[PDB]
Amino acid sequence: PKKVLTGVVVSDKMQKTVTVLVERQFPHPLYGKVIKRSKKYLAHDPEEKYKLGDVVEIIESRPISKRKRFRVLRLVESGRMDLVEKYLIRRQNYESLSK
Amino acid sequence: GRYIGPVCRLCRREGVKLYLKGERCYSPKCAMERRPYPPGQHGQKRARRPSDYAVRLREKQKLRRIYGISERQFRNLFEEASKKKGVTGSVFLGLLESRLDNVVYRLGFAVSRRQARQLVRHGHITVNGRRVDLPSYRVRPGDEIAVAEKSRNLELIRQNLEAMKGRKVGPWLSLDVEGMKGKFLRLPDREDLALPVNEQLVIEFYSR
Amino acid sequence: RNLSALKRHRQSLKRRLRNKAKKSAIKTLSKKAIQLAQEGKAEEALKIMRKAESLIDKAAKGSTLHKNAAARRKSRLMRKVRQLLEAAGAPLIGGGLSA
Amino acid sequence: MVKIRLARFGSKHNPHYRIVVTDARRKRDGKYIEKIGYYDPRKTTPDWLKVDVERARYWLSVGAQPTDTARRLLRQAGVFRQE
RNA sequence: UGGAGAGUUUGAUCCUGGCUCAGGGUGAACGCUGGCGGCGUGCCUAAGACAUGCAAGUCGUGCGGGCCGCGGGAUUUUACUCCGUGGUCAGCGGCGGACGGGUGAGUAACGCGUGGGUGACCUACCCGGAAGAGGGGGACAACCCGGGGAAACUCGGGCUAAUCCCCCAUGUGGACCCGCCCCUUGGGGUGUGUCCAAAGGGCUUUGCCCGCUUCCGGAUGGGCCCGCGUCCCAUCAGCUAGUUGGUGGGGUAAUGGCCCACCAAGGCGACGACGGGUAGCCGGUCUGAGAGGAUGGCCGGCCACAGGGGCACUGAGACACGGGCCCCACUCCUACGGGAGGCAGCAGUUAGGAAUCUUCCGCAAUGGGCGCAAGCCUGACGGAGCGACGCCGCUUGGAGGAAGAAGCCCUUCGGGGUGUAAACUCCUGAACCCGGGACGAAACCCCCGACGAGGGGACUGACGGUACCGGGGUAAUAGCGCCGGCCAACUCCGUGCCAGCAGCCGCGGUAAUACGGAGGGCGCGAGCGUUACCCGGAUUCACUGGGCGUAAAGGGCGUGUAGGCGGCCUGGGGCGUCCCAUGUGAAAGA
Ligand SMILES: [Mg+2]
Ligand SMILES: [Mg+2]
Ligand SMILES: [Mg+2]
Ligand SMILES: [Mg+2]
Ligand SMILES: [Mg+2]
Ligand SMILES: [Mg+2]
């Protein structure tokens with residue numbers, strides 16, 4: 001069955017496209033503890049419809065670009081800017097890590 | 001393979017009578033009557049207090065030296081016995097005891113295991129009628145172990161099979177003396193054997 | 001040191017040539033048709049399309065252009081032509097279009 | 001064109017074939033689509049030929065050609081024998 | 001059904017802790033030694049270079065010729081010409097050359113593994129089903145006649161067949177545009193319009209066989225995409241312009257910045273981007289009590305490569321190991337203009353190296369390509385050969401045989417040891433000789449039947465005069481390591497911190513069970529040792545299963561970012577977690 005993934009929209013800065021952060025969590029093969037881990041997907045939003053902070057389902061799809069390979073199936077809930085907030089700060093930590 | 005050298009000479013060293021000659025090892029020596037001590041220049045100086053290791057060694061030496069099977073072959077049989085279901089110490093005994101060359105001897109067709117082994121190599125033995133020249137051949141229960149009718153003549157087959165006329169035989173064996181043949185009824189139960197040998201120690205020698 | 005199936009080469013060359021040839025017609029004729037529609041030509045622009053259509057189908061009879069590379073070409077062409085004609089006036093006479 | 005054919009198992013001077021459906025192009029002893037029988041030419045056992053005839057009939061139904069010698073064995077187990 | 005530890009820091013002790021040994025393994029190599037067989041296995045190094053032979057063809061039942069024959073005819077005049085047939089050689093045309101076989105160079109990646117997606121696709125030959133093949137026309141090799149080149153070869157001119165190419169027809173049908181319906185990514189259905197088929201051959205000749213064409217399905221094989229998984233270095237921290245997305249093209253069988261134009265300004269990264277190193281991945285293999293560690297040779301699956309680098313053509317399929325073009329490096333021929341070539345196919349040579357095989361036999365079997373078949377091709381393969389490289393089986397005798405030869409060794413001079421060992425008696429009879437002698441092979445095919453089912457018949461064995469069976473028959477090979485402790489096995493000489501041993505601890509300075517020899521002893525045995533490498537023990541990277549006051553180890557102290565962790569009660573949800581069913585988990589291996 002075409003994979004269905006649910007995540008948070010963290011970018012509408014592209015035409016007909018959204019970046020979706022999908023968290024995943026599981027037992028660590030050796031050390032046991034349940035650990036989180038995530039991935040951004042670029043998903044197809046043809047009616048520039050879903051916006052920054054929406055939770056969406058993402059569905060395994062016939063390719064649209066190099067790297068566009070999922071389409072936005074539906075919307076789960078609006079608003080969730082905390083999640084976007086989380087991602088953004090984590091992103092800015094990065095400056096405070098080089099030389 | 002197989003040993004070939006001085007023998008009622010470990011009837012010695014291993015401390016105890018192995019009948020390896022059999023015929024003589026019954027009568028004023030397995031060499032072991034005249035000198036019940038280890039061989040060589042030192043063999044009757046005061047016994048060294050032997051190590052936990054030494055002990056385990058000699059004991060397996062003893063057991064193996066009884067059936068004159070070689071270390072390689074002995075070891076394979078043991079590993080076979082370990083991985084097999086049931087009490088490994090015993091099973092091993094069952095298995096050594098299933099070697100044709102030993103059974104040929106247990107049935108009395110020969111007076112020793114080394115002599116028995118030759119009768120097997122030289123075509124003098126059958127199993128269920130069909131001929132078999134492998135000492136290592138595994139005898140299973142129900143198998144009939146004949147002298148080869150062609151061999152039934154020789155001064156040896158005569159003498160030994162005659163000698164058996166009076167003789168009693170293994171609870172796990174049967175032997176029709178007249179028709180020069182035996183049956184292998186079941187594999188021997190530890191109790192059926194009277195071996196001068198503590199097998200639990202042998203198992204122990206194959207730990208470390 | 002003399003493998004007699006370099007005969008395969010000899011034929012390949014002949015075939016290469018026969019193909020090259022068929023395809024050249026197809027291109028130069030399609031060009032011609034869509035050029036004519038770009039100028040709003042009922043009769044003449046379809047008249048030619050109709051030939052090109054045919055010439056393609058024929059090409060797909062054997063090895064040249066087999067398949068539905070055929071089909072692709074036909075589609076692309078009778079889209080192009082059709083649109084270009086309504087992009088000017090004039091609709092009618094003849095042709096391989098379902099009106 | 002897929003095939004019912006022989007596939008060599010066993011050992012040296014000890015052939016045992018497996019009767020297998022497989023693509024024509026595939027190596028002799030390679031990956032097959034189904035085992036559907038076996039065959040020991042030296043008949044060393046009572047059990048020297050065996051064929052899943054319902055299965056043989058299916059593959060034939062979908063158009064696999066047996067080797068000449070495969071069909072020999074097939075017939076012998078009565079794949080073709082009718083009414 | 002599974003888990004052993006020991007030596008070594010001190011005068012002694014307990015503890016930390018490293019080093020070391022005992023076990024298992026190997027595509028090994030090296031030393032001493034070496035009898036037989038079966039089954040495995042054998043360039044780990046230079047993906048260095050390669051002499052020679054062989055490794056892919058086949059079809060005359062698609063077609064027309066050339067050359068060498070033979071035989072019939074027309075004329076009764078011998079020239080000229082028609083027909084039939086046998087060699088043989090290519091050519092046109094098909095199907096195969098994309099499989100099979102080789103290697104691991106590159107590749108850290110959708111390459112591989114595993115589970116999914118394709119409404120985004122392809123599939124020659126095979127099977128099933130529906131419907132067809134009616135007219136015309138053409139050319140290019142062969143062959144013939146010329147020219148250029150040393151050679152490779154090559155340029156022109158003329159003739160000609162076909163299942164070669166084209167045109168018109170028929171349109172079961174299918175393709176495309178537009179519409180409408182169902183369905184939902186480009187999936188079905190339908191209506192105008194347009195467009196698209198074909199090839200003949202054989203005959204046991206009016207009726208069958210091999211083919212051809214369109215289309216719908218099947219089967220097998222493949223492309224593309226996605227989730228998850230997949231080594232070392234952070235003393236590599238920022239990276240990115242087809243870059244990230246878009247709209248429209250192009251290209252493909254098909255999606256896609258795959259490619260292009262135009263617009264937008266984006267994408268990626270401490271959950272490690274980028275960079276560097278190393279590396280084919282897996283099924284498995286070895287080891288371990290297990291968790292784990294290590295590994296990917298043989299066999300099977302996938303990938304990638306074919307002197308190095310580009311690239312396309314042809315085709316169902318290749319961007320093609322034994323096809324093509326160009327650049328480069330090499331070797332060869334050259335009449336100096338130019339040409340030929342590519343063992344990581346089987347053998348084999350040479351180089352490198354500690355080291356790795358026969359220029360064997362056969363298409364008899366299995367499997368593959370073409371063929372209606374007979375058949376042909378097949379260094380795939382089935383065998384044999386070399387190497388104790390590995391595993392397994394077997395031999396070098398068996399029973400007698402002294403209070404116990406000789407020699408050698410010890411000796412408190414009584415004796416003690418090698419030792420039932422030898423001698424010697426009988427017995428058996430590896431080797432070797434004679435006789436017979438396989439299975440592996442019943443199909444294709446032919447006959448009967450009906451070219452079906454079924455029945456009958458014949459041909460065929462490289463291994464091989466081998467295996468195996470019967471008869472005869474000789475007492476017929478033993479080596480290597482070790483004996484201070486760990487670790488099984490002790491004595492005499494020699495030697496004097498020398499010569500030497502040595503895995504660790506340590507032996508040797510004139511009485512050495514530790515060096516060298518000898519007697520004797522322990523261990524294993526056609527082997528035994530050594531070196532290298534992997535796991536073990538090592539709970540010594542500690543998830544299972546470790547630690548940090550003085551043994552190595554708390555950051556000089558705070559603040560608080562990410563992150564990790566989170567009191568008590570109730571309700572929803574059901575992501576984690578748990579349960580049932582089910583699919584998957586190929587074969588090999590276990
Ligand atoms: Mg010390
Ligand atoms: Mg100290
Ligand atoms: Mg000390
Ligand atoms: Mg220690
Ligand atoms: Mg510690
Ligand atoms: Mg400290």
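Our numbering is plain: 1 for the first residue shown, then up by one each step along the chain.
Just so you know, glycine gets a Cβ as well, placed from its N, Cα and C.
For reference, Swiss-Prot has these:
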- B:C8, B:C11, B:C25, B:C30: Zn(2+) binding site (BINDING)
- B:98-160: domain 'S4 RNA-binding' (DOMAIN)
DSSP says what for the domain 'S4 RNA-binding' (B:98-160): how many helix, strand, coil residues?
25 helix, 11 strand, 27 coil
Excluding B:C8, B:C11, B:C25, B:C30 themselves, which residues in that chain have a Cβ inside 8 Å of the centre of the Cβ atoms defining the Zn(2+) site?
B:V7, B:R12, B:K17, B:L18, B:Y19, B:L20, B:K21, B:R24, B:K29, B:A31, B:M32
I'd like the number of other C-beta atoms within 10 A of the C-beta of B:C25 (Zn(2+) binding site), please.
20
Just going by other Cβ atoms within 10 Å, which of the binding-site residues B:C8, B:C11, B:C30 has the emptiest spot?
B:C8
